[PDB]
$ cat target16.csv   # CSV, N, CA, C and O atoms
chain,number,residue,atom,x,y,z
G,88,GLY,N,121.2,119.6,75.0
G,88,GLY,CA,121.4,118.4,76.0
G,88,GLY,C,120.2,117.5,76.0
G,88,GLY,O,119.4,117.5,75.1
G,89,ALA,N,120.2,116.6,77.0
G,89,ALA,CA,119.1,115.7,77.2
G,89,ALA,C,118.4,115.9,78.5
G,89,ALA,O,117.3,116.3,78.6
G,90,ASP,N,119.2,115.7,79.6
G,90,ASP,CA,118.7,115.9,80.9
G,90,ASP,C,119.8,115.8,82.0
G,90,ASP,O,120.4,114.8,82.1
G,91,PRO,N,120.1,116.9,82.7
G,91,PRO,CA,121.1,116.9,83.7
G,91,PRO,C,120.6,116.3,85.0
G,91,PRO,O,121.4,116.2,86.0
G,92,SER,N,119.4,115.9,85.0
G,92,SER,CA,118.8,115.4,86.2
G,92,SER,C,119.0,113.8,86.3
G,92,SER,O,118.4,113.1,87.1
G,93,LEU,N,119.9,113.3,85.5
G,93,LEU,CA,120.3,111.9,85.5
G,93,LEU,C,121.2,111.6,86.6
G,93,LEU,O,122.3,111.0,86.4
G,94,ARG,N,120.8,111.9,87.8
G,94,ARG,CA,121.5,111.6,89.0
G,94,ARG,C,120.6,111.1,90.1
G,94,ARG,O,119.6,110.5,89.8
G,95,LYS,N,120.9,111.4,91.3
G,95,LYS,CA,120.0,111.1,92.4
G,95,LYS,C,119.3,112.4,92.8
G,95,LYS,O,118.4,112.4,93.7
G,96,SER,N,119.6,113.5,92.1
G,96,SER,CA,119.0,114.8,92.3
G,96,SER,C,118.0,115.2,91.3
G,96,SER,O,117.7,116.3,91.1
G,97,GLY,N,117.5,114.2,90.6
G,97,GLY,CA,116.4,114.4,89.6
G,97,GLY,C,115.0,114.3,90.2
G,97,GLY,O,114.0,114.4,89.5
G,98,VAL,N,115.0,114.1,91.5
G,98,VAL,CA,113.8,113.9,92.3
G,98,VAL,C,113.1,112.6,91.9
G,98,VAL,O,112.7,112.5,90.8
G,99,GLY,N,112.9,111.7,92.8
G,99,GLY,CA,112.2,110.5,92.6
G,99,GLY,C,112.8,109.6,91.6
G,99,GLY,O,112.2,108.8,90.9
G,100,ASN,N,114.2,109.6,91.6
G,100,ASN,CA,114.9,108.8,90.6
G,100,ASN,C,115.2,107.5,91.2
G,100,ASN,O,115.7,107.3,92.3
G,101,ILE,N,114.8,106.4,90.5
G,101,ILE,CA,114.9,105.1,90.9
G,101,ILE,C,115.5,104.2,89.8
G,101,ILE,O,115.3,104.6,88.6
G,102,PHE,N,116.0,103.1,90.1
G,102,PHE,CA,116.6,102.1,89.2
G,102,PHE,C,115.9,100.8,89.3
G,102,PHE,O,115.7,100.3,90.5
G,103,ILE,N,115.6,100.1,88.2
G,103,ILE,CA,115.0,98.8,88.2
G,103,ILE,C,115.9,97.8,87.6
G,103,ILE,O,116.5,98.1,86.6
G,104,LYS,N,116.0,96.6,88.2
G,104,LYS,CA,116.8,95.5,87.7
G,104,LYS,C,116.0,94.3,87.3
G,104,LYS,O,114.9,94.1,88.0
G,105,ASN,N,116.4,93.5,86.4
G,105,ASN,CA,115.8,92.2,86.1
G,105,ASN,C,114.4,92.3,85.5
G,105,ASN,O,113.5,91.8,85.9
G,106,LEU,N,114.3,93.1,84.4
G,106,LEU,CA,113.1,93.3,83.7
G,106,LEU,C,112.9,92.3,82.5
G,106,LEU,O,113.9,91.7,82.1
G,107,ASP,N,111.7,92.2,82.1
G,107,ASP,CA,111.4,91.3,80.9
G,107,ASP,C,111.6,92.0,79.6
G,107,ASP,O,111.5,93.3,79.6
G,108,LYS,N,111.9,91.3,78.6
G,108,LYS,CA,112.1,91.9,77.2
G,108,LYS,C,110.9,92.6,76.7
G,108,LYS,O,110.9,93.6,76.0
G,109,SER,N,109.7,92.1,77.1
G,109,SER,CA,108.4,92.7,76.7
G,109,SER,C,108.2,94.0,77.4
G,109,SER,O,107.2,94.7,77.1
G,110,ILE,N,109.0,94.4,78.3
G,110,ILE,CA,108.9,95.7,79.0
G,110,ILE,C,109.4,96.8,78.2
G,110,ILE,O,110.6,96.9,77.9
G,111,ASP,N,108.6,97.8,77.9
G,111,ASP,CA,109.0,99.0,77.1
G,111,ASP,C,108.9,100.1,78.1
G,111,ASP,O,108.5,100.0,79.3
G,112,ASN,N,109.1,101.4,77.6
G,112,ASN,CA,109.0,102.5,78.4
G,112,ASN,C,107.5,102.7,78.9
G,112,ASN,O,107.2,103.2,80.0
G,113,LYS,N,106.7,102.3,77.9
G,113,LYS,CA,105.2,102.4,78.2
G,113,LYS,C,104.9,101.5,79.3
G,113,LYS,O,104.1,101.8,80.2
G,114,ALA,N,105.4,100.2,79.1
G,114,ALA,CA,105.1,99.2,80.1
G,114,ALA,C,105.6,99.5,81.5
G,114,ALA,O,104.8,99.3,82.5
G,115,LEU,N,106.8,100.1,81.5
G,115,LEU,CA,107.3,100.5,82.8
G,115,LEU,C,106.5,101.7,83.4
G,115,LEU,O,106.1,101.7,84.5
G,116,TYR,N,106.2,102.6,82.5
G,116,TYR,CA,105.4,103.8,82.9
G,116,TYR,C,104.0,103.3,83.3
G,116,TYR,O,103.6,103.7,84.4
G,117,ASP,N,103.4,102.4,82.5
G,117,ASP,CA,102.1,101.9,82.8
G,117,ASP,C,102.0,101.4,84.2
G,117,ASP,O,101.0,101.6,84.9
G,118,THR,N,103.0,100.6,84.6
G,118,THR,CA,103.0,100.0,86.0
G,118,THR,C,103.3,101.0,87.1
G,118,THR,O,102.5,101.2,88.0
G,119,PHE,N,104.4,101.7,86.9
G,119,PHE,CA,104.9,102.6,88.0
G,119,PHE,C,104.1,103.9,88.1
G,119,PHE,O,104.0,104.5,89.2
G,120,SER,N,103.5,104.3,87.0
G,120,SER,CA,102.7,105.6,87.0
G,120,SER,C,101.6,105.5,88.0
G,120,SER,O,101.1,106.5,88.5
G,121,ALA,N,101.1,104.3,88.4
G,121,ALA,CA,100.0,104.1,89.4
G,121,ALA,C,100.5,104.7,90.7
G,121,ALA,O,99.7,105.0,91.6
G,122,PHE,N,101.8,104.8,90.9
G,122,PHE,CA,102.4,105.3,92.2
G,122,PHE,C,102.5,106.8,92.1
G,122,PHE,O,102.5,107.5,93.1
G,123,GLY,N,102.7,107.3,90.9
G,123,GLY,CA,102.8,108.8,90.7
G,123,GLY,C,103.1,109.1,89.3
G,123,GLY,O,103.4,108.2,88.5
G,124,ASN,N,103.1,110.4,88.9
G,124,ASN,CA,103.4,110.8,87.6
G,124,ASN,C,104.9,110.6,87.3
G,124,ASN,O,105.7,110.8,88.2
G,125,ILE,N,105.2,110.2,86.1
G,125,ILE,CA,106.6,110.0,85.7
G,125,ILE,C,107.0,111.0,84.6
G,125,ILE,O,106.2,111.3,83.7
G,126,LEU,N,108.2,111.6,84.7
G,126,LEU,CA,108.6,112.6,83.8
G,126,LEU,C,109.5,111.9,82.7
G,126,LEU,O,109.4,112.3,81.5
G,127,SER,N,110.2,110.9,83.1
G,127,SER,CA,111.1,110.2,82.2
G,127,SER,C,111.5,108.8,82.7
G,127,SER,O,112.3,108.6,83.6
G,128,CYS,N,110.8,107.8,82.2
G,128,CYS,CA,111.1,106.5,82.5
G,128,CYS,C,111.8,105.8,81.3
G,128,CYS,O,111.6,106.3,80.2
G,129,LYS,N,112.6,104.8,81.5
G,129,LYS,CA,113.4,104.3,80.5
G,129,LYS,C,113.7,102.8,80.7
G,129,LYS,O,114.0,102.4,81.8
G,130,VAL,N,113.4,102.0,79.7
G,130,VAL,CA,113.8,100.6,79.7
G,130,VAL,C,114.9,100.4,78.7
G,130,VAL,O,114.6,100.5,77.5
G,131,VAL,N,116.1,100.1,79.1
G,131,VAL,CA,117.2,100.0,78.2
G,131,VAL,C,117.2,98.7,77.6
G,131,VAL,O,117.3,97.6,78.2
G,132,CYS,N,116.9,98.7,76.3
G,132,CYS,CA,116.6,97.4,75.6
G,132,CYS,C,117.7,96.9,74.8
G,132,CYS,O,118.4,97.6,74.1
G,133,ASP,N,117.9,95.6,74.9
G,133,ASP,CA,118.8,94.9,74.0
G,133,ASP,C,118.1,94.5,72.7
G,133,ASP,O,116.9,94.7,72.6
G,134,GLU,N,118.8,93.9,71.8
G,134,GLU,CA,118.3,93.4,70.5
G,134,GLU,C,117.1,92.5,70.7
G,134,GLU,O,116.2,92.4,69.9
G,135,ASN,N,117.2,91.7,71.8
G,135,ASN,CA,116.2,90.6,72.0
G,135,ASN,C,115.0,91.2,72.8
G,135,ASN,O,113.9,90.5,72.9
G,136,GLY,N,115.1,92.4,73.3
G,136,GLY,CA,114.0,93.0,74.0
G,136,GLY,C,114.4,94.0,75.1
G,136,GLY,O,113.9,95.1,75.1
G,137,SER,N,115.3,93.6,76.0
G,137,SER,CA,115.7,94.4,77.1
G,137,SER,C,117.1,94.0,77.7
G,137,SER,O,117.4,92.8,77.7
G,138,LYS,N,117.8,94.9,78.1
G,138,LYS,CA,119.1,94.6,78.7
G,138,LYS,C,119.0,94.1,80.1
G,138,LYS,O,119.9,93.6,80.8
G,139,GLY,N,117.8,94.3,80.7
G,139,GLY,CA,117.5,93.8,82.0
G,139,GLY,C,117.5,94.8,83.1
G,139,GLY,O,117.7,94.5,84.2
G,140,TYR,N,117.3,96.1,82.7
G,140,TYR,CA,117.2,97.1,83.7
G,140,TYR,C,116.5,98.4,83.2
G,140,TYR,O,116.5,98.6,81.9
G,141,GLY,N,116.0,99.2,84.0
G,141,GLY,CA,115.3,100.4,83.7
G,141,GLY,C,115.4,101.4,84.7
G,141,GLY,O,115.9,101.2,85.8
G,142,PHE,N,114.9,102.6,84.4
G,142,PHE,CA,114.9,103.8,85.3
G,142,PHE,C,113.6,104.6,85.3
G,142,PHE,O,113.0,104.7,84.3
G,143,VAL,N,113.2,105.1,86.5
G,143,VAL,CA,112.1,105.9,86.6
G,143,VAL,C,112.4,107.3,87.1
G,143,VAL,O,113.2,107.4,88.1
G,144,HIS,N,111.9,108.3,86.5
G,144,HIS,CA,112.0,109.7,87.0
G,144,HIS,C,110.6,110.1,87.5
G,144,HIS,O,109.7,110.3,86.6
G,145,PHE,N,110.4,110.1,88.8
G,145,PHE,CA,109.1,110.4,89.3
G,145,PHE,C,108.8,111.9,89.5
G,145,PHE,O,109.8,112.6,89.9
G,146,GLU,N,107.6,112.3,89.1
G,146,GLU,CA,107.2,113.7,89.3
G,146,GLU,C,107.4,114.1,90.8
G,146,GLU,O,108.0,115.2,91.1
G,147,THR,N,107.0,113.3,91.7
G,147,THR,CA,107.1,113.5,93.1
G,147,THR,C,108.1,112.6,93.7
G,147,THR,O,108.2,111.4,93.4
G,148,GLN,N,108.8,113.1,94.7
G,148,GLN,CA,109.8,112.3,95.5
G,148,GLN,C,109.1,111.1,96.2
G,148,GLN,O,109.6,110.0,96.2
G,149,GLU,N,107.9,111.4,96.7
G,149,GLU,CA,107.2,110.4,97.5
G,149,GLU,C,106.7,109.2,96.7
G,149,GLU,O,106.8,108.0,97.1
G,150,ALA,N,106.3,109.5,95.4
G,150,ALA,CA,105.9,108.5,94.5
G,150,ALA,C,107.0,107.5,94.2
G,150,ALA,O,106.7,106.3,94.1
G,151,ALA,N,108.2,108.0,94.2
G,151,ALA,CA,109.4,107.1,93.9
G,151,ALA,C,109.6,106.1,95.0
G,151,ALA,O,109.8,105.0,94.8
G,152,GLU,N,109.4,106.6,96.3
G,152,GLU,CA,109.6,105.8,97.4
G,152,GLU,C,108.6,104.7,97.5
G,152,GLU,O,108.9,103.6,97.8
G,153,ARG,N,107.3,105.0,97.0
G,153,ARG,CA,106.3,104.0,96.9
G,153,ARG,C,106.7,103.0,95.9
G,153,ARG,O,106.5,101.8,96.1
G,154,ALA,N,107.2,103.4,94.7
G,154,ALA,CA,107.5,102.5,93.6
G,154,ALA,C,108.6,101.5,94.1
G,154,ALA,O,108.6,100.3,93.8
G,155,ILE,N,109.5,102.0,94.9
G,155,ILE,CA,110.6,101.2,95.4
G,155,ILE,C,110.0,100.0,96.3
G,155,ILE,O,110.3,98.9,96.1
G,156,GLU,N,109.2,100.4,97.3
G,156,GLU,CA,108.7,99.4,98.2
G,156,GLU,C,107.7,98.5,97.4
G,156,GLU,O,107.7,97.3,97.6
G,157,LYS,N,106.9,99.1,96.6
G,157,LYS,CA,105.8,98.4,96.0
G,157,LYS,C,106.2,97.4,94.9
G,157,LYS,O,105.7,96.3,94.7
G,158,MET,N,107.2,97.9,94.1
G,158,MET,CA,107.6,97.1,92.9
G,158,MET,C,108.7,96.2,93.1
G,158,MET,O,108.9,95.2,92.4
G,159,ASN,N,109.6,96.5,94.1
G,159,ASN,CA,110.7,95.7,94.3
G,159,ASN,C,110.3,94.3,94.8
G,159,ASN,O,109.6,94.2,95.8
G,160,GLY,N,110.8,93.3,94.1
G,160,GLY,CA,110.5,91.9,94.5
G,160,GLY,C,109.2,91.4,93.8
G,160,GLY,O,108.7,90.3,94.2
G,161,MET,N,108.7,92.1,92.8
G,161,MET,CA,107.5,91.7,92.1
G,161,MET,C,107.8,91.2,90.8
G,161,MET,O,108.9,91.4,90.2
G,162,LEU,N,106.9,90.5,90.2
G,162,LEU,CA,107.1,89.9,88.8
G,162,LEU,C,106.4,90.9,87.8
G,162,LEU,O,105.3,91.2,87.9
G,163,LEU,N,107.2,91.3,86.9
G,163,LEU,CA,106.7,92.1,85.8
G,163,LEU,C,106.6,91.2,84.5
G,163,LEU,O,107.7,91.0,83.9
G,164,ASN,N,105.5,90.7,84.3
G,164,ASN,CA,105.2,89.9,83.1
G,164,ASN,C,105.7,88.4,83.2
G,164,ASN,O,105.1,87.5,82.6
G,165,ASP,N,106.7,88.3,84.0
G,165,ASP,CA,107.4,87.0,84.2
G,165,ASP,C,108.7,87.1,85.0
G,165,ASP,O,109.1,86.1,85.6
G,166,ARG,N,109.3,88.3,85.1
G,166,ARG,CA,110.5,88.5,85.8
G,166,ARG,C,110.4,89.4,87.0
G,166,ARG,O,109.7,90.4,86.9
G,167,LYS,N,111.0,88.9,88.1
G,167,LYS,CA,111.0,89.7,89.3
G,167,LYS,C,112.0,90.9,89.2
G,167,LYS,O,113.1,90.7,89.0
G,168,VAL,N,111.4,92.1,89.5
G,168,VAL,CA,112.2,93.3,89.3
G,168,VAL,C,112.7,93.8,90.6
G,168,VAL,O,112.0,93.7,91.6
G,169,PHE,N,113.9,94.4,90.6
G,169,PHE,CA,114.4,95.0,91.8
G,169,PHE,C,114.4,96.5,91.6
G,169,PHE,O,115.0,97.1,90.6
G,170,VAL,N,113.7,97.2,92.5
G,170,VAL,CA,113.6,98.7,92.4
G,170,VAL,C,114.3,99.3,93.6
G,170,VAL,O,114.0,98.9,94.7
G,171,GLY,N,115.2,100.2,93.3
G,171,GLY,CA,115.9,100.9,94.4
G,171,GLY,C,116.2,102.3,94.1
G,171,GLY,O,115.9,102.8,93.0
G,172,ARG,N,116.9,102.9,95.1
G,172,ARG,CA,117.3,104.3,94.9
G,172,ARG,C,118.4,104.5,93.9
G,172,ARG,O,119.4,103.8,93.9
G,173,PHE,N,118.2,105.5,93.0
G,173,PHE,CA,119.2,105.7,91.9
G,173,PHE,C,120.4,106.4,92.4
G,173,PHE,O,120.4,107.6,92.5
G,174,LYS,N,121.4,105.7,92.8
G,174,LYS,CA,122.7,106.2,93.2
G,174,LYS,C,123.6,106.3,92.0
G,174,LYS,O,124.2,105.3,91.7
G,175,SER,N,123.6,107.4,91.4
G,175,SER,CA,124.4,107.6,90.2
G,175,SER,C,125.9,107.4,90.4
G,175,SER,O,126.5,106.7,89.5
G,176,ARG,N,126.4,107.9,91.5
G,176,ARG,CA,127.8,107.7,91.7
G,176,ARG,C,128.2,108.2,93.2
G,176,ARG,O,128.2,107.4,94.1
G,177,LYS,N,128.3,109.5,93.3
G,177,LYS,CA,128.8,110.0,94.6
G,177,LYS,C,128.6,111.6,94.6
G,177,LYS,O,129.6,112.3,94.4
G,178,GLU,N,127.4,112.0,94.6
G,178,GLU,CA,127.1,113.5,94.5
G,178,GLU,C,126.7,114.1,95.8
G,178,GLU,O,126.0,113.4,96.6
G,179,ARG,N,127.0,115.3,96.0
G,179,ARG,CA,126.5,116.0,97.2
G,179,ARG,C,125.1,116.4,97.1
G,179,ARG,O,124.3,116.3,98.0
G,180,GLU,N,124.7,116.8,95.9
G,180,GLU,CA,123.4,117.2,95.6
G,180,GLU,C,122.6,115.9,95.1
G,180,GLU,O,122.8,115.5,94.0
G,181,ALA,N,121.8,115.4,96.0
G,181,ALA,CA,121.1,114.2,95.7
G,181,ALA,C,120.0,114.0,96.7
G,181,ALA,O,120.1,114.3,97.9
G,182,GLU,N,118.8,113.5,96.3
G,182,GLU,CA,117.7,113.2,97.2
G,182,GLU,C,117.3,111.8,97.0
G,182,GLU,O,117.8,110.9,97.7
$ encode --input "target16.csv" --output "structure tokens"
Amino acid sequence: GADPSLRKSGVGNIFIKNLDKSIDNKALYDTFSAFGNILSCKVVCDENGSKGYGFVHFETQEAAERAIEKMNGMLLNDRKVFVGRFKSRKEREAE
């Protein structure tokens, strides 16, 4: 498999919207890691650079909450990103 923690129960799971094409997993990690360790961050990239959204898996639950407050509404390289709680769908097991 890949990772069954791709829900809201992966601890510290957040989603980011409106990223710049120059944003890679490294770039996302480089910024958000300051809030806490990341196990699996991802910038879903289009041919031109990025589809305009990314995801963080934080080591710690609290670090994720920091990333949400701290990064939401900020400019990353040029584009203001929206960071929020990763609501995968509708699960009972979710934090």
$ residues_around --input "target16.csv" --residues "residue 149 in chain G" --least-positions-apart "3" --cutoff "8 Å" --atoms "all atoms listed in the file" --output "JSON, numbers by chain"
{"G": [98, 99, 122, 123, 145, 146, 152, 153, 154, 155, 156]}
$ residues_around --input "target16.csv" --residues "residue 110 in chain G" --least-positions-apart "5" --cutoff "6 Å" --atoms "only N, CA, C and O atoms" --output "MDAnalysis selection string"
chainID G and resid 115 130 136:137
$ atom_distance --input "target16.csv" --atom1 "atom C of residue 93 in chain G" --atom2 "CA of residue 175 in chain G"
6.3 Å
$ residues_around --input "target16.csv" --residues "range 158-172 of chain G" --least-positions-apart "6" --cutoff "6 Å" --atoms "only N, CA, C and O atoms" --output "PyMOL selection string"
chain G and resi 100-107
$ select_by_dssp --input "target16.csv" --residues "chain G" --states "strand (DSSP E)" --output "PyMOL selection string"
chain G and resi 100-104+129-131+140-144+161-163+166-172
$ closest_residue --input "target16.csv" --among "G:95, G:176, G:157, G:108" --to "residue 132 in chain G" --atoms "only N, CA, C and O atoms"
G:108
$ atom_distance --input "target16.csv" --atom1 "CA of residue 88 in chain G" --atom2 "CA of residue 128 in chain G"
17.0 Å
$ closest_residue --input "target16.csv" --among "G:144, G:135, G:94, G:89" --to "residue 116 in chain G" --atoms "only C-alpha atoms"
G:144
$ residues_around --input "target16.csv" --residues "residue 180 in chain G" --least-positions-apart "2" --cutoff "7 Å" --atoms "only N, CA, C and O atoms" --output "PyMOL selection string"
chain G and resi 94-97+177-178+182
$ closest_residue --input "target16.csv" --among "G:124, G:114, G:109, G:151" --to "residue 139 in chain G" --atoms "only C-alpha atoms"
G:109
$ residues_near_point --input "target16.csv" --point "(112.7, 98.1, 80.7)" --cutoff "5 Å" --atoms "all atoms listed in the file" --output "ChimeraX atom specification"
/G:110-111,129-131,140-141
$ closest_residue --input "target16.csv" --among "G:121, G:92, G:112, G:179" --to "residue 142 in chain G" --atoms "only C-alpha atoms"
G:112
$ atom_distance --input "target16.csv" --atom1 "atom C of residue 90 in chain G" --atom2 "atom N of residue 127 in chain G"
10.8 Å
$ select_by_dssp --input "target16.csv" --residues "chain G" --states "helix (DSSP H, G or I)" --output "list in words"
residues 112, 113, 114, 115, 116, 117, 118, 119, 120, 121, 122, 148, 149, 150, 151, 152, 153, 154, 155, 156, 157 and 158 of chain G
